[PDB]
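Read the structure below first, then the notes.
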């Protein structure tokens, strides 16, 4: 067992297209180092084990240039088991996670948002270490949203089979143990 603390970065991009503003070329700002639009960024900190590893991820909301009304909380605890994969650099980890996301909106008086959502899914990747300084995490991240009971039961038929409803997320960041 060993204490672990770092950062988490999830890549979320379903659509893949390219665009360009203004063709005449006249305005050219001064921003070249960090330009994105979608992506979850947070911190990491938990407790490692001889047969597993724990680490929670705290987030809020992806920053942007046209970000309007942004303010919430995100807490999730993922528990997976890592193991040397290949030689002694990457760390094939895999497990599940569970947390709670709070969402608030402008209403005043009558609150619509419940501010309570059940989150849970799966995770797995490979932790690349360099030395006794800091490690690196990189893999995939799966999480579910609040889905308890249904409102209007439709009902149909069980034709063959299909994959459940899950989200596709990436995993990339660092991990500093204590």
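A short reminder: the numbers here are calculations on the coordinates, not readings from a lab. Reconstructed Cβ throughout: ideal geometry from the backbone, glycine too, with neighbour counts over all protein chains shown.
Between residue 60 and residue 110, how high is the FRET efficiency from 1/(1 + (r/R0)^6) when r is the Cβ-Cβ distance and R₀ = 35 Å? Nearest 0.05.
0.90
I want to make sure I understand the PRE zone here: with the label point 7 angstrom from the Cα of residue 13 toward its beta carbon, which residues in the range 118-145 have backbone N atoms less than 17 Å away?
Residues passing the 17 Å test: 139-141.
Using every Cα-Cα pair within the range 21-117, state what percent have a distance larger than 18 Å.
For the range 21-117, the fraction of Cα-Cα distances above 18 Å is 67 percent.
How many times 2.2 N^0.38 Å is the alpha carbon radius of gyration of the chain?
Here the Cα radius of gyration is 1.27 times the empirical estimate.
So for each of 124-132, 38-46 I average, over its residues, the number of other beta carbons within 10 Å; can you give me the resulting order with the highest mean first?
Sorting 124-132, 38-46 by mean packing, highest first, produces 38-46, 124-132.
Place a point 7 Å from Cα of residue 170 in the direction of its Cβ. Which residues in the range 1-39 have their backbone N less than 20 Å from it?
Only 7-19, 32-39 pass the distance filter.
On full extension of the chain, what length is gained from residue 177 through residue 98, given 0.36 nm per residue of separation minus the C-alpha to C-alpha distance?
Going from the current span to full extension adds 26.2 nm.
What distance in nm lies between label points placed 7 Å from Cα along the C-beta direction at residue 49 and residue 151?
About 3.9 nm, to one decimal.
Rounded to the nearest 0.05, what FRET efficiency is calculated for residue 20 and residue 118 with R0 set to 41 Å and r the Cβ-Cβ distance?
According to the calculation, E is roughly 0.50.
Give the separation of the Cα centroids, the range 145-178 to the range 22-84, in Å.
20 Å
Taking every alpha carbon pair in the range 81-178, what does the distance histogram look like in 5 angstrom bins from 0, in percent?
Cα pair-distance distribution for the range 81-178, in percent: 3, 10, 13, 15, 14, 12, 11, 8, 7, 4, 2, 1.
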